[PDB]
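Trainee: Each number in the numbering used here comes from the position in the sequence shown (counting from 1) with 236 added on.
C-beta: ideal position from N, C-alpha, C; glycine also.
Here it is: the structure, laid out below.
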Amino acid sequence: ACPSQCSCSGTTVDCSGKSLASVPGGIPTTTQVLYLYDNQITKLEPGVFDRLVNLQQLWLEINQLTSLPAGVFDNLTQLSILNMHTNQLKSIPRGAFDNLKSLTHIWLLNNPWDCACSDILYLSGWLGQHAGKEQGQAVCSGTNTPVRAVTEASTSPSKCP
Numbered sequence: 237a238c239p240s241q242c243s244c245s246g247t248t249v250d251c252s253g254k255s256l257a258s259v260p261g262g263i264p265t266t267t268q269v270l271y272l273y274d275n276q277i278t279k280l281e282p283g284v285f286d287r288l289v290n291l292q293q294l295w296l297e298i299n300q301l302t303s304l305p306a307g308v309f310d311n312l313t314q315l316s317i318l319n320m321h322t323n324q325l326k327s328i329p330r331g332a333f334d335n336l337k338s339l340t341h342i343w344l345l346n347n348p349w350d351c352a353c354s355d356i357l358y359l360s361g362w363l364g365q366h367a368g369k370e371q372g373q374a375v376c377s378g379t380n381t382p383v384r385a386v387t388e389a390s391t392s393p394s395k396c397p
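Okay, structure coming up:
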């Protein structure tokens, strides 16, 4: 069964461009491609994607996400495509990508990355180790500095919200 707000074909579920404020329920566990882009999603509930063990692509770009729950991608071990550009993210939870050994394309640009805060260090270190995976270049909010180019000295735990 296809979520009533979305359109389904094969293993592709298209929930894009539907003025959604939240992730639809009832996304089938056989889903391989999930489009959620161009909505007004402000948060992800913890564990929202855990049943989608076959998911290879998650398109979250052009939303209003201000953070990601810890572990939100942990069960998506086949994930190769993760698109999160044009959101309101300030950091990535530590270890968020640990299980994602099939990841090959990730979009992080057009987010207000908070590089003064030491929570940025997981993302900046991960980018330094997986350079070919980033599509485009995430940049620190208010500066010319690519997130991958953040120096550890420049960060501080006291500059975090």
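Name, in chain order, the residues that DSSP records as bridge partners for residue 295.
Mentor: In the DSSP output, where bridge partners are listed per residue, residue 295 has 271 and 319.
Trainee: Please name the residue, chosen from 238, 255 and 345, that lies closest to residue 277 on a Cα-to-Cα basis.
Mentor: Comparing Cα-Cα distances from residue 277 to each of 238, 255 and 345, the minimum goes to 255.
Trainee: From which residue to which residue does the alpha helix (DSSP H) around residue 392 run?
Mentor: Neither: residue 392 is in no alpha helix (DSSP H) and is coded neither H nor E.
Trainee: Tell me which same chain residues have a C-beta within less than 7 Å of the C-beta of residue 292, skipping the five on either side of it?
Mentor: Cβ within range, chain order: 268, 269, 314, 315, 316 and 317.
Trainee: DSSP has residue 343 in a bridge; who is on the other side?
Mentor: DSSP, once it has assigned bridges, lists 319 and 371 as partnering residue 343.
Trainee: Whole angstroms is fine: what's the gap from residue 326's alpha carbon to residue 308's?
Mentor: Their Cα atoms are separated by approximately 16 Å.
Trainee: Suppose contacts are defined by Cβ-Cβ distances below 7 Å. Is residue 371 in contact with residue 382 by that definition?
Mentor: Going by C-beta atoms, residue 371 is not nearer than 7 Å to residue 382.
Trainee: So, with DSSP's three-state summary, where would you put residue 355?
Mentor: Three-state DSSP puts residue 355 in a helix.
Trainee: Residues in its own chain within less than 8 Å of residue 443 by CB, not counting five upstream and five downstream?
Mentor: As shown, the chain starts at 237 and ends at 397. That puts residue 443 outside it, with no answer to give.
Trainee: Taking residue 249 as part of the beta strand (DSSP E), name the residues at either end of that continuous run.
Mentor: Counting along the chain, the beta strand (DSSP E) containing residue 249 begins and ends at 248-250.
Trainee: Is DSSP giving residue 245 helix, strand or coil here?
Mentor: Note: residue 245 maps to strand in three-state DSSP.
Trainee: Does residue 341 pass the burial test, meaning 16 or more other C-beta atoms within 10 Å, or should it be called exposed?
Mentor: Exposed, because fewer than 16 other Cβ atoms sit within 10 Å of the Cβ of residue 341.
Trainee: As a quick exercise: from 303, 357 and 289, pick the residue whose alpha carbon is nearest that of residue 335.
Mentor: Cα-wise, what sits closest to residue 335 is 289.
Trainee: What residue from 345, 258, 284 and 311 has the CA that sits closest to residue 323's CA?
Mentor: For the residues 345, 258, 284 and 311, the minimum Cα distance to residue 323 belongs to 345.
Trainee: Using 8 Å for Cβ pairs, my map puts residue 206 next to residue 239. What's the rounded Cβ distance?
Mentor: In the structure as shown, the chain starts at 237 and stops at 397, and residue 206 therefore has no counterpart that could be examined.
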